[PDB]
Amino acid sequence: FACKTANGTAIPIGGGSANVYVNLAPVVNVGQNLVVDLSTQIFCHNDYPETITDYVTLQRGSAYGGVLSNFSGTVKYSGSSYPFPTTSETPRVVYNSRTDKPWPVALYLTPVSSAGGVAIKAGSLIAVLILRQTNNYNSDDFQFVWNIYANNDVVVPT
């Protein structure tokens, strides 16, 4: 089991960490959503589906910078929504194919009432999402840490 990002940066068997750069809507008003869909950014595959079943959860999701201070939101994982920052580990998603499959996680963020101006700075860390991978084969328990960075400023009209 290993993963790779849209631009090809990968985290090998055993886990590790990688940065994911995302382009964000430049203008987001209070009452509107800023959707950060990682399903088009992070992909993983099972290296031995003939024998092993891989289990993948969103172990933890944390907010940073402009997202931590100016937005409120939830994280959608494999069809279900949870609080973000996360309060617990999500249920497992099975990976049983050698073909790359998307990691079904998306952040649904919305400006807080007092949000205004540059709510998110270009190049800043907005979130850290931890993908935890285990299996039905051995004691492997690995973390694939995804550091989500904003490619541009996000402005909230005042």
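Residue positions are given as counts along the sequence shown, with the first one as 1. The term rigid core refers to the maximal set of C-alpha atoms that superpose within 1.5 Å between the two forms.
- With every structure aligned by its rigid core, 25-33 is the stretch of 124-132 and 25-33 whose CA positions lie farther away in 8 other deposited structures of this protein.
- Of the two segments examined, 140-148 and 5-13, it is 5-13 that shows the higher average Cα temperature factor in the deposited entry.
- Higher mean CA temperature factor, per the PDB entry, when comparing 90-98 with 120-128: 90-98.
- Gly61 sits in the lowest third of its chain by CA B factor, as recorded in the PDB entry.
- Ranked by Cα temperature factor within the chain, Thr51 sits in the highest third according to the deposited record.
- Annotation for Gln41: CA B-factor lies in the middle third of the chain's modelled residues.
- Among all modelled residues in this chain, the alpha-carbon of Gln133 has a temperature factor (C-alpha) in the lowest third.
- Sort the modelled residues of the chain by CA B factor and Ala115 lands in the highest third.
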